[PDB]
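Here the structure comes first, spelled out in structure tokens, and everything after it is commentary.
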Amino acid sequence: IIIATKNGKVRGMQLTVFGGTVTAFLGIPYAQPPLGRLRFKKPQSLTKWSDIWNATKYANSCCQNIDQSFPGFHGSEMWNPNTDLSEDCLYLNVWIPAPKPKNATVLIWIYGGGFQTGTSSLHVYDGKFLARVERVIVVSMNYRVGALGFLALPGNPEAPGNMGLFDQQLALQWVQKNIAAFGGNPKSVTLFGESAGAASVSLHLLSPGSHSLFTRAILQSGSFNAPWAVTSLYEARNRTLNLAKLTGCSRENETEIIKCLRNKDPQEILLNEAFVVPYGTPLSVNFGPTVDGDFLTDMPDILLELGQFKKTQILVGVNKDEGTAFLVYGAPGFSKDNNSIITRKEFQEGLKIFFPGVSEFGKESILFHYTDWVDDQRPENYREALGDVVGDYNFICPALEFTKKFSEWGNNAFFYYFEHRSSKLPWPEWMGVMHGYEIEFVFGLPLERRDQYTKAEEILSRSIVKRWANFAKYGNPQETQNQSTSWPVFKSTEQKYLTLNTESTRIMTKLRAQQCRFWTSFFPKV
Ligand SMILES: *[C@@H]1O[C@H](CO[C@@H]2O[C@@H](C)[C@@H](O)[C@@H](O)[C@@H]2O)[C@@H](O[C@@H]2O[C@H](CO)[C@@H](O)[C@H](O)[C@H]2NC(C)=O)[C@H](O)[C@H]1NC(C)=O
Ligand SMILES: *[C@@H]1O[C@H](CO[C@@H]2O[C@@H](C)[C@@H](O)[C@@H](O)[C@@H]2O)[C@@H](O)[C@H](O)[C@H]1NC(C)=O
Ligand SMILES: *[C@@H]1O[C@H](CO[C@@H]2O[C@@H](C)[C@@H](O)[C@@H](O)[C@@H]2O)[C@@H](O)[C@H](O)[C@H]1NC(C)=O
Ligand SMILES: *[C@@H]1O[C@H](CO[C@@H]2O[C@@H](C)[C@@H](O)[C@@H](O)[C@@H]2O)[C@@H](O)[C@H](O)[C@H]1NC(C)=O
Ligand SMILES: CN(CCC1CCCCCC1)Cc1c[nH]c2c(O)cccc12
Ligand SMILES: *[C@@H]1O[C@H](CO)[C@@H](O)[C@H](O)[C@H]1NC(C)=O
Ligand SMILES: *[C@@H]1O[C@H](CO)[C@@H](O)[C@H](O)[C@H]1NC(C)=O
Ligand SMILES: [Cl-]
Ligand SMILES: [Cl-]
Ligand SMILES: [Cl-]
Ligand SMILES: [Cl-]
Ligand SMILES: [Cl-]
Ligand SMILES: [Cl-]
Ligand SMILES: [Cl-]
Ligand code: NA
């Protein structure tokens, strides 16, 4: 029940899972609380304690603005924090199998939320099923988000940027120093995340200071090269200065600005965070990762292209309808409560919402490539095209480009295309296989037979859980016992990928080849 860590004893709690037991340690602190003069700084290491820390409930989530677009609707509120918001939020969770393992592989989850939101205590990130079913140890941490985690005066140590990434890193360090006392193997750690968590995982592959802190990596619906994932140093500075203007903290001495922002209440910072972008999008990342010369020594496109990353195996994938969720957060004619048949004019309006800084020719070129169809009279033509535009540009084509570039340096990569819509999905049918709704299958919630998932969904989750655990333990995401389809390595020539669904997994080639030729070759020129 009690485990001695290098900073003090911690007490866990026993959970009953599927007729067995998991030991959960919820809310272990891993840094000094970043309060007062510590706000906006890199996380500081933690002073030893003498008593028994009680890790028996999720800790505070980090300060963040909540989605209030659909009050009372589980489809959006299931992503909102479920613990008190607080700056005192640098805590992590550990699920270990019972009986205690001897040298268990470790899975470390990094949640998404656009680097502005998210928390490890969400129900769909409960690691007790993975620890129980596959006997891995599951670790998850809270890391600072928004301005509090990513405000950047690049080069200034009072606000250097990338603080939430350093929070994540300090938790990986905690696993290296402490997980053996929990029965874990520090030499067998796989990071996984979804995104912004996936984008975070891909940047740990790029950061030399994280290379010794993990073994393998899983990227669900995200990578750093996605257009929403990294802020240029230019916007980063202009966004810091805008927040100072909005808070009345405009000073000349850039350090006096940060001091002024340290005496503001978190709410004042949070409510001003929204309007710092001039023209935002539903996918806007207001304060995100930047090139800081510390965590990220150069522009990450350059690092990827020139092979400057940890050589290891990766598992990468995307969902069939990544873009649809975002259409009801601003695109005209769209609504979760009707079938969202939009016209050509509404589609053109929609592009202006998702490509605010792009020229007319750039938007016309998107329209040209996505509006040549079979039957012109199909009324959902424009509705589906906009979803595909948003999904291809923001998720599928960057993930494929990341995987191609990464595998070109000799490493084994595995790519999946998730295409099962959960039977319990509270969002409407036109949105299909949405962004975020593979997570519950990865974490094995449909293994709980009391949860109104179908039988085929329990099977699919069981297969996915085994593949993910085999990738983490062995670098190879196979399900070897129940004669599953073999998952081939993704090569830059053949570009084979595996489809995940309840009616036969299939090997396919060259996902969205024609669309991604537009987004990766043409569109960055505009
Ligand atoms: C789908 O609904 C949208 C959103 O309208 C709101 O939600 C509905 C469920 C209903 O309660 C409406 O009364 C609400 O206003 C509709 O979008 C509106 O469309 C009209 C006419 O096209 C336009 O004047 C409004 O500005 C739109 N409002 C928006 C975009 O917020 C849309 O027409 C509906 N689609 C279908 C096929 O019925
Ligand atoms: C830390 O926890 C100690 C143990 O309390 C336990 O809690 C209940 C729910 C049962 O599980 C039972 O085993 C114990 O009573 C406390 O005695 C101690 O006060 C706690 N310390 C702090 C600071 O909360
Ligand atoms: C625990 O296991 C260690 C070896 O781990 C294995 O090798 C590394 C390189 C990874 O590929 C990982 O996935 C493997 O599981 C041993 O060196 C170590 O001595 C073991 N310690 C104990 C206490 O059993
Ligand atoms: C594999 O399947 C188990 C039950 O299926 C039965 O056993 C397999 C070996 C086949 O013979 C099949 O025809 C049988 O119906 C599940 O209990 C188990 O969880 C499955 N494992 C995975 C990893 O999916
Ligand atoms: C980015 N959206 C995420 C919501 C969905 C929920 C279900 C699918 C899976 C998770 C993502 C919300 C949002 C944050 N900021 C916004 C902004 O500025 C304008 C408009 C919208 C937003
Ligand atoms: C940030 O950029 C916008 C857009 O050009 C500009 O209007 C604004 O002045 C900039 N912020 C500052 C503090 O200059
Ligand atoms: C601003 O920061 C501190 C003030 O406490 C000090 O280094 C100095 O007065 C200022 N530095 C510059 C470069 O203006
Ligand atoms: Cl201060
Ligand atoms: Cl909950
Ligand atoms: Cl089994
Ligand atoms: Cl498809
Ligand atoms: Cl299956
Ligand atoms: Cl082919
Ligand atoms: Cl395709
Ligand atoms: Na397709």
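Counting convention: from 1, in listed order, for ligands and their atoms alike. Only heavy atoms go into these numbers, but all of them, side chains included; no hydrogens, no water, no symmetry mates. Positions are given from 1 along the sequence.
Among all protein heavy atoms, the one lying closest to atom 9 (O) of ligand 6 is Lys245 NZ, 4.1 Å. Among protein heavy atoms, atom 13 (C) of ligand 6 sits closest to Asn242 OD1, 3.4 Å. For atom 1 (C) of ligand 6, the closest non-hydrogen atom of the protein is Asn238 ND2, 1.5 Å.
Atom 4 (C) of ligand 6 is never approached by the protein to below 4.0 angstrom, counting heavy atoms only. Under the 4.0 angstrom criterion, atom 7 (O) of ligand 6 counts as lacking any protein heavy-atom contact.
Both tests do not hold together for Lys320 against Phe418: distance to the six-membered ring centre under 6.0 Å, angle to the ring axis within 45°.
Side-chain N or O atoms of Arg344 include none that pairs as donor or acceptor with a backbone N or O of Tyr382 at under 3.5 Å. A donor-acceptor pair is defined here as one N or O able to donate and one able to accept, closer than 3.5 Å; such a pair exists between the side chain of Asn381 and the backbone of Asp375.
Interface of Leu241 with ligand 6, defined as ligand atoms under 4.0 Å from a residue heavy atom, comprises 13 (C).
Counted by atom type alone, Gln32 and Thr47 present zero donor-acceptor pairs between their side chains at under 3.5 Å.
Here the shortest heavy-atom pairing between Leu46 and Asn7 reads O-OD1, 3.3 Å.
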